[PDB]
Amino acid sequence: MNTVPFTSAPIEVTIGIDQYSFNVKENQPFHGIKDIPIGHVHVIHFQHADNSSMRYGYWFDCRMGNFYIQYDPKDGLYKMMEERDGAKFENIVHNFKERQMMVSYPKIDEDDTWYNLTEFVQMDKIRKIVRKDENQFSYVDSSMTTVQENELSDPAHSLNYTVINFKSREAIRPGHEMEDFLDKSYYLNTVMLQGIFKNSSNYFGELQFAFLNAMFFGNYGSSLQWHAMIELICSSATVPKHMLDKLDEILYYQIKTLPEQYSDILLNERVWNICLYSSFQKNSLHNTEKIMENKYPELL
Amino acid sequence: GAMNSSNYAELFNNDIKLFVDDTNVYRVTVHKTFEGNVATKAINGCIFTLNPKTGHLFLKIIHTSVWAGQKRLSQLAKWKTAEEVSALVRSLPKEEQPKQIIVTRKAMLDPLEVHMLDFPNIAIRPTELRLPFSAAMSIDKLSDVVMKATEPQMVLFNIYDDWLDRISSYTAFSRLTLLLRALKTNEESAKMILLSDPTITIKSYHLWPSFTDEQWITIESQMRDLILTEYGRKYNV
Ligand SMILES: Cn1cc(Br)c(=O)[nH]c1=O
């Protein structure tokens, strides 16, 4: 069980760790988060008490190093930074744990929520969507734009998601215009799965990561990307039986975990009604369709 | 974006553009079967592709054979329209290719956009005008070449005949839409009007009668009376 030690908490801030969150008051004696389950990626995120603008946060995997948070009063945010001296990450942590100035990642043992949300998410792929290679961890915030958003302005601070566009030459084979626009199986299976993502786990991983960026940071381009990747599968007549089943599970936990009050902005009416009621896969998302109907029947 | 009464004069500037209308592409007669069920039988159709500036009409005849063995014909027809318009553009020399294509029904937007991905610099636009191009099959010579075709065929016309020698494109289009609007609201009367005086003939290389300027004003007036009337007969006013 790993630990993220905070130097200090000089400004009042709501701290999130995966789907958990807690309020820290200005200069409260807070020194980090302990008992973080190894074996998963994690996200630690922040919303300043004074400026609800800019939710920001860091994707990390504890196995890839010792990381700690220290507020930077110049740049005005809580920064993640790696402690190379390992006899410091132990000594510093033990002292703070001994003084019990660390909150406990409060996993319920029956709870598989985080695993189900991050099943296919892998840090090596995050670091290629979020380009900044001197850091083992990856910064995301509410305002970052996606590579495709910049096509339609700073590239170094972009989310380099896989560009999907249904009215593009990549998506439409010359001479199969109608076939390929109404049944995107070509685009899904040959272009994206076999060609770009290599396998469904990399596809699902990016999908899951985009959703989590939409949810935790209200990142609009991530929400576009999550819906696009859903829509491509739903609009494909031919999808591996295993992808459909796993998709229904992925989406179910994403919809389950979404704040009931954020549905208006994070959920795209057109895509969901199409996936669940019009698309080829209308009948293949039983769990997702049941939770959607019972939790947000307004949208449909 | 979309095309309407405000940006109406854009049609007659010097950017090449085409209207595409697909309302006569997929045409059916509906009938009873021996067993008392209903069936359709398709009849030949056409894509109406018009340059409103020059009057050149590119009339692509849709032969019923294109539908054999096909499902969801009404949807396929929009995609067949798009394929044929795209093929037409590709066949034109570059300096003749349109800079815009305006579809008269918004359902054509996606099919044409996808068929024209190779032409990113051609804008595909809808319109809010309620243009009467469906009445094109009420022009006898157009209907005639369509019904007689036995294979796919592209026939070129100038829908303005020789009018541009005497009037502007703007005025030419206005006359054309007035004639077609009349043919659409009451075909019988519109046609009675156009041929009453048997001394005004249609030249072999033309579609409409050879009216003098003065005779066109009378004609045009008669068409407006018909259109207002039919609007009364239809709303009682
Ligand atoms: C200030 N500081 C705090 C931590 Br915790 C760490 O591990 N390294 C460091 O330099």
Side-chain angles (χ1 to χ4, degrees), chain A residues 1-4 6 9 13-24 30 32-49 52 54-64 67 69 78 80 102-123 125-126 129-130 137-142 144 159 204-220 222-223 225-227 229-230 246-267 287-288 291-292 294-296:
Chain A
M1 308 297 282
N2 266 129
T3 294
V4 179
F6 273 56
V13 61
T14 308
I15 303 186
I17 172 72
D18 302 347
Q19 79 274 34
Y20 309 110
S21 70
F22 52 93
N23 315 304
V24 179
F30 173 85
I33 306 159
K34 64 176 205 160
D35 308 333
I36 291 151
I38 315 179
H40 301 122
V41 310
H42 297 286
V43 63
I44 182 169
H45 37 116
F46 299 92
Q47 182 148 226
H48 294 182
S52 55
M54 193 189 56
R55 278 173 276 170
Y56 59 102
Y58 300 86
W59 293 88
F60 67 94
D61 186 319
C62 271
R63 298 168 287 186
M64 309 182 66
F67 314 117
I69 298 293
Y78 286 95
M80 170 152 289
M102 303 201 180
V103 291
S104 176
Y105 184 98
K107 197 182 155 297
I108 305 320
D109 314 88
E110 178 185 26
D111 180 44
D112 278 339
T113 286
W114 190 240
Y115 169 82
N116 297 337
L117 293 168
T118 58
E119 181 168 359
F120 307 96
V121 186
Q122 302 276 351
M123 263 309 315
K125 297 313 204 311
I126 288 174
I129 291 164
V130 196
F137 49 86
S138 298
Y139 175 92
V140 182
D141 69 27
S142 304
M144 281 169 55
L159 297 164
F204 288 142
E206 183 164 331
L207 192 155
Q208 294 187 304
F209 179 60
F211 166 83
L212 287 168
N213 284 324
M215 186 171 56
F216 287 125
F217 309 117
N219 189 274
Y220 180 71
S222 306
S223 172
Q225 178 71 16
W226 173 57
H227 284 92
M229 298 185 71
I230 294 176
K246 183 62 62 161
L247 183 62
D248 185 38
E249 288 304 325
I250 290 167
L251 294 178
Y252 168 81
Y253 285 103
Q254 290 172 343
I255 300 306
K256 186 171 179 60
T257 302
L258 262 187
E260 300 62 23
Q261 308 299 359
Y262 284 38
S263 45
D264 42 310
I265 49 181
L266 296 173
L267 283 181
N287 300 344
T288 291
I291 194 178
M292 277 282 299
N294 278 280
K295 189 176 180 194
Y296 307 116

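Every chain is numbered from 1, with letters handed out A, B, ... down the list of sequences.
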- Item | Listed once per pair and sorted, the salt bridge (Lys or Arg N to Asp or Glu O under 4.0 Å) pairs that draw on residues 251-263 of chain A, sequence neighbours left out | A:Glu260-A:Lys295

- Task: Classify the angle between the aromatic ring planes of A:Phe46 and A:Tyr56 as parallel (below 30°), tilted (30 to 60°) or perpendicular (above 60°).
- Result: parallel

- So do the side chains of A:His42 and A:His40 get within less than 4.5 Å of each other, counting heavy atoms only? yes

- Report yes or no: does A:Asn213 contribute a side-chain atom to a donor-acceptor pair with the main-chain N or O of A:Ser222 at less than 3.5 Å? no

- Item | Flag side-chain contact, heavy atom, 4.5 Å: A:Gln122 against A:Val41 | no

- In Å, rounded to the nearest 0.5 Å, how long is the span from CD1 of A:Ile126 to OG1 of A:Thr118? 9.0 Å

- Query: Below 4.5 Å, heavy atoms only, C-beta onward: do A:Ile15 and A:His45 meet side chain to side chain?
  - Reply: no

- Task: For A:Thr14 and A:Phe22, run side-chain contact (heavy atoms from CB on, under 4.5 Å): C-alpha distance rounded to whole Å, both residues' side-chain angles, the deciding distance at 0.1 Å, then the answer.
- Result: CA-CA 6 Å; A:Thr14 308; A:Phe22 52 93; over 6 Å; no

- Query: At their closest point, which heavy atom of A:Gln47 faces which heavy atom of A:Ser52, and how far apart are they?
  - Reply: OE1-O, 2.7 Å

- Message: Is there a side-chain contact between A:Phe120 and A:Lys246 in this structure, where contact means two heavy atoms from C-beta onward sitting under 4.5 Å apart?
- Response: yes

- Identify the heavy atoms of A:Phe6 and A:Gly32 that sit nearest to each other, and give their distance. CD1-CA, 3.5 Å

- Message: Do A:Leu258 and A:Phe211 make a side-chain contact, defined as non-hydrogen atoms from C-beta onward lying under 4.5 Å apart?
- Response: yes

- When rounded to the nearest 0.5 Å, the distance separating CG of A:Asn219 from CG of A:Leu212 is 12.0 Å

- Message: Quick one, A:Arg55 and A:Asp141 - any side-chain contact, counting heavy atoms below 4.5 Å?
- Response: no

- Item | Test side-chain contact (heavy atoms from CB on, under 4.5 Å) applied to A:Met1 and A:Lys34, step by step | CA-CA 7 Å; A:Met1 308 297 282; A:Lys34 64 176 205 160; over 6 Å; no

- Task: With rounding to the nearest 0.5 Å, note down the distance linking CD1 in A:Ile36 to CD1 in A:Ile17.
- Result: 4.5 Å

- Task: Indicate yes or no for a side-chain donor-acceptor contact from A:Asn287 to the backbone of A:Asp248 under 3.5 Å, with no hydrogens or angles considered.
- Result: no

- Could you tell me which non-hydrogen atom of A:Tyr296 sits nearest to which non-hydrogen atom of A:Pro259, and how far apart they are? OH-O, 3.5 Å

- Item | CG-CE distance between A:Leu251 and A:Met292, expressed to the nearest 0.5 angstrom | 9.5 Å

- What are the two closest non-hydrogen atoms of A:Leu266 and A:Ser223, and how far apart are they? O-OG, 3.6 Å

- Message: Rounded at 0.5 Å granularity, tell me how far CD1 in A:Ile250 sits from CG in A:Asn116.
- Response: 9.5 Å

- Message: For a side-chain contact (heavy atoms from CB on, under 4.5 Å) check, start with the C-alpha distance between A:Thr3 and A:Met102, then their side-chain angles and the critical distance, and finish with the verdict.
- Response: CA-CA 9 Å; A:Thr3 294; A:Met102 303 201 180; 3.5 Å; yes

- Can any side-chain N or O of A:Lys125 pair as donor or acceptor with the backbone N or O of A:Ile129 at less than 3.5 Å? no

- Message: Just verifying a value: how many Å separate A:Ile33 CD1 and A:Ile69 CD1, rounded to the nearest 0.5 Å?
- Response: 8.0 Å

- Message: Would you say that A:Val121 contacts A:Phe204 through its side chain, given a criterion of any heavy-atom pair below 4.5 Å between the two side chains?
- Response: no

- Query: Counting only heavy atoms not in A:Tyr139, do more than 12 sit closer than 6.0 Å to its OH atom?
  - Reply: yes

- For A:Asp112 and A:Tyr253, run side-chain contact (heavy atoms from CB on, under 4.5 Å): C-alpha distance rounded to whole Å, both residues' side-chain angles, the deciding distance at 0.1 Å, then the answer. CA-CA 10 Å; A:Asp112 278 339; A:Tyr253 285 103; over 6 Å; no

- Message: Quick check on A:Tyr20: does its OH atom have over 12 non-hydrogen neighbours (other residues, nucleotides or ligands) under 6.0 Å away?
- Response: yes

- Task: Decide ring-ring contact (aromatic ring centres under 6.0 Å, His included) for A:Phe60 and A:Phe137; before the verdict, give the C-alpha distance in whole Å, the side-chain angles of both, and the deciding distance to 0.1 Å.
- Result: CA-CA 5 Å; A:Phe60 67 94; A:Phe137 49 86; 8.7 Å; no

- Is the closest side-chain heavy-atom distance between A:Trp114 and A:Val43 below 4.5 Å? yes

- Query: Under 3.5 Å, side chain of A:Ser138 to main-chain N/O of A:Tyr58, donor-acceptor pair present?
  - Reply: no

- Please work out whether the ring planes of A:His48 and A:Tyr78 are parallel, tilted or perpendicular, with thresholds of 30° and 60°. perpendicular

- Message: Let's go through A:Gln254 and A:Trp226 carefully: what are the C-alpha distance in whole Å and the side-chain angles of both, what is the deciding distance for side-chain hydrogen bond (donor to acceptor under 3.5 Å, both in side chains) to 0.1 Å, and is it a yes or a no?
- Response: CA-CA 11 Å; A:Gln254 290 172 343; A:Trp226 173 57; 2.8 Å; yes

